[PDB]
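In what follows, a structure is listed as structure tokens, so that the remarks can point back to it.
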Amino acid sequence: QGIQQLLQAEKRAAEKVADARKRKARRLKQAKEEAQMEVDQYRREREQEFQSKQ
Amino acid sequence: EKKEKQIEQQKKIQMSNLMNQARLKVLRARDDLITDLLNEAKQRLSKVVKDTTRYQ
């Protein structure tokens, strides 16, 4: 009947809010370390300006 | 900016001390031309001591 299928299909919409947190969970977490991947842009800056010191 | 600013400053201190001892070496090498001149003059007073008709 119509009233019981409405709630389980609401759980389908309540499963896409778990994706609305997930695509700001993984994307927050993966490129937080890509911001820490710019330490390697500093590690080339120190070692190439190690030459100007040398 | 703590890696490049010290190595230019320590370059300046190294250039300062080398320029100063470039002046202090040539000035100490100015004495030994004067000190031996007073030593060579001190030798030649003793030759004046020898000849008595000039020494008396």
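The chains in the structure tokens are called A, B, ... from first to last as shown; in each chain the residues are counted from 1, and the ligands are counted from 1 in the order shown.
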
Residue list for chain A near chain B as a PDB file with N, CA, C and O atoms, in the first residue's frame, 12 Å, only C-alpha atoms:
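Contents of result_16.pdb, freshly written:
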```pdb
ATOM      1  N   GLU A  45      62.585  23.473  -2.934  1.00  0.00           N
ATOM      2  CA  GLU A  45      63.016  24.864  -2.816  1.00  0.00           C
ATOM      3  C   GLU A  45      64.232  24.991  -1.907  1.00  0.00           C
ATOM      4  O   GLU A  45      65.144  25.778  -2.188  1.00  0.00           O
ATOM      5  N   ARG A  46      64.271  24.210  -0.824  1.00  0.00           N
ATOM      6  CA  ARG A  46      65.417  24.238   0.080  1.00  0.00           C
ATOM      7  C   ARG A  46      66.657  23.646  -0.582  1.00  0.00           C
ATOM      8  O   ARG A  46      67.760  24.191  -0.460  1.00  0.00           O
ATOM      9  N   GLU A  47      66.493  22.532  -1.300  1.00  0.00           N
ATOM     10  CA  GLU A  47      67.659  21.821  -1.817  1.00  0.00           C
ATOM     11  C   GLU A  47      68.210  22.489  -3.071  1.00  0.00           C
ATOM     12  O   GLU A  47      69.383  22.299  -3.415  1.00  0.00           O
ATOM     13  N   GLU A  49      67.990  25.922  -3.379  1.00  0.00           N
ATOM     14  CA  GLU A  49      68.648  27.062  -2.759  1.00  0.00           C
ATOM     15  C   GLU A  49      69.733  26.643  -1.779  1.00  0.00           C
ATOM     16  O   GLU A  49      70.418  27.511  -1.227  1.00  0.00           O
ATOM     17  N   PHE A  50      69.897  25.337  -1.551  1.00  0.00           N
ATOM     18  CA  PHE A  50      71.122  24.837  -0.937  1.00  0.00           C
ATOM     19  C   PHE A  50      72.311  25.047  -1.867  1.00  0.00           C
ATOM     20  O   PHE A  50      73.447  25.212  -1.412  1.00  0.00           O
ATOM     21  N   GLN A  51      72.059  25.041  -3.180  1.00  0.00           N
ATOM     22  CA  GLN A  51      73.113  25.294  -4.157  1.00  0.00           C
ATOM     23  C   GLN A  51      73.548  26.756  -4.151  1.00  0.00           C
ATOM     24  O   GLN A  51      74.746  27.044  -4.268  1.00  0.00           O
ATOM     25  N   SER A  52      72.601  27.691  -4.003  1.00  0.00           N
ATOM     26  CA  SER A  52      72.967  29.105  -3.950  1.00  0.00           C
ATOM     27  C   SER A  52      73.686  29.433  -2.649  1.00  0.00           C
ATOM     28  O   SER A  52      74.493  30.369  -2.593  1.00  0.00           O
ATOM     29  N   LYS A  53      73.398  28.676  -1.589  1.00  0.00           N
ATOM     30  CA  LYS A  53      74.227  28.738  -0.392  1.00  0.00           C
ATOM     31  C   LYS A  53      75.610  28.162  -0.661  1.00  0.00           C
ATOM     32  O   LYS A  53      76.613  28.656  -0.133  1.00  0.00           O
ATOM     33  N   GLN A  54      75.685  27.127  -1.500  1.00  0.00           N
ATOM     34  CA  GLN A  54      76.965  26.482  -1.767  1.00  0.00           C
ATOM     35  C   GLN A  54      77.789  27.267  -2.781  1.00  0.00           C
ATOM     36  O   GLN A  54      79.011  27.382  -2.636  1.00  0.00           O
TER      37      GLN A  54
END
```
